[PDB]
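Right, one structure below, let's go through it.
The chains referred to below are lettered A, B, ... by the order of the sequence lines, with proteins before strands, and numbering in each begins at 1.
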Amino acid sequence: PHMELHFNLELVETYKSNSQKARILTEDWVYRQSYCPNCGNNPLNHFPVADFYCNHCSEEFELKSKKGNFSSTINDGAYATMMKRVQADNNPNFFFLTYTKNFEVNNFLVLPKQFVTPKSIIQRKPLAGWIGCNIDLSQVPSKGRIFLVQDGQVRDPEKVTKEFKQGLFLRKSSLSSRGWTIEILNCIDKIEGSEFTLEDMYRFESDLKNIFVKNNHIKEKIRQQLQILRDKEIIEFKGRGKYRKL
DNA sequence: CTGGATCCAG
DNA sequence: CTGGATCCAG
Ligand SMILES: [Zn+2]
Ligand SMILES: [Zn+2]
């Protein structure tokens, strides 16, 4: 098994000046080159929409693509529609593909569906109406941005599948309880290095209070959330309010 | 006390 | 059943 990072260069020539070129090329690449980031199965199945599923584990993936520079936002459709889906916990997993002017994939990631929170949905050039949206990847923790290819480097599929499976417990939490765990992961991402203290986490109290406005016991909530993450092997407790990222 | 463990009103 | 609240060991 060898991933080829370039698109089909013959299709590049055939579909020159064709309106659908960029969709044909990206879908083709995902179909032949991607694997299921849950169970590792290759190839995926095709379901207009660029939707795939895994015939082994039934995971679904919808593809989004951007030519050029890696963006911290993924273009979607309507704000209201995306919201209904997010609320109903109904989104597919998302594949995000970025590619160069020479039709090489330089980033390819999966955003597992449960990491798409109301918060991560931002309005695009909003107008009083007409309001598109993006998914804002700066609001998604590293645990929910799982790279199959990163900066032109093909990652170990065993690490991809491990990371994907590690986050699946969040599918069993309801919206706000899931939101808590996801925001704690966002805090931990900001801590520089491997080691951190409870004191480090308490610095985010003000930030967390602004998201979770009804919580008057934020320090205690932080402790509980750290315990959930320990139980899920995402951090370890070294005792006495000291932790290490895993 | 500090911080890991558990709970319950609506 | 949830997520803000309370319990409880060292
Ligand atoms: Zn190539
Ligand atoms: Zn699969």
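If you check B:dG3, C:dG4, C:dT2 against the side chain of A:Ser177, the one that comes closest is C:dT2. Of the candidates C:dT6, B:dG3, B:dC7, B:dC7 carries the atom nearest the A:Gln224 side chain, counting heavy atoms from C-beta on. Between C:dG3, B:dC7, B:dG3, one nucleotide has an atom nearer to the side chain of A:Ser176 than all others, and that is C:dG3.
Atom CG of A:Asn216 is separated from atom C1' of C:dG3 by 12 Å (rounded to the nearest Å). For the pair A:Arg230 CZ and B:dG4 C1', the interatomic distance rounds to 7 Å; values are reported in whole Å. Between A:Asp89 atom CG and C:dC1 atom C1' there is a gap of 16 Å when expressed in whole angstrom units. What separates CG of A:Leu226 from P of B:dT6 is a distance of 16 Å, to the nearest Å. As rounded to whole Å, 12 Å separates atom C1' of C:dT2 from atom CG of A:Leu175. The CH2 atom of A:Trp180 sits 17 Å away from the P atom of C:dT2 (whole-angstrom rounding). Atom NE2 in A:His217 sits roughly 19 Å away from atom P in B:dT6 (whole-Å rounding). The distance from atom NZ of A:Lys219 to atom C1' of C:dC7 is 18 Å, rounded to the nearest whole Å.
Using a 30° and 60° split on the angle between ring planes, A:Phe61 and A:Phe164 fall in the tilted class, from 30° to 60°. Taking the six-membered ring for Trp and thresholds of 30 and 60 degrees, A:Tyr99 and A:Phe7 have ring planes inclined between 30 and 60 degrees apart.
We find that A:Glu205 and A:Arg203 are not joined by a salt bridge, their nearest charged nitrogen and carboxylate oxygen being 4.0 Å or further apart.
If you check distances only, the side chain of A:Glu220 never reaches the base of C:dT6 with a donor-acceptor pair under 3.5 Å. A donor and an acceptor atom never sit less than 3.5 Å apart when one is taken from the side chain of A:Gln225 and the other from the base of C:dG3. A donor and an acceptor atom never sit less than 3.5 Å apart when one is taken from the side chain of A:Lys214 and the other from the base of C:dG4.
With respect to the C1'-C2'-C3'-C4' torsion, B:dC1 shows a north sugar, the value lying on the positive side.
Across all strands shown, A:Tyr243 has heavy atoms under 4.0 Å from sugar-phosphate atoms exclusively, and none from any base. Counting any heavy atom pair closer than 4.0 Å across all strands shown, A:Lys221 reaches a base atom.
Separation of the A:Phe96 and A:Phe108 ring centroids does not fall under the 6.0 Å cut-off.
For the OP1/OP2 pair of C:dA5 and a distance below 4.0 Å, the side-chain nitrogens and oxygens of A:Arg223 include no atom meeting the criterion.
With hydrogens and angles left out, the side-chain atoms of A:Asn55 and A:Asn45 include a donor and acceptor closer than 3.5 Å.
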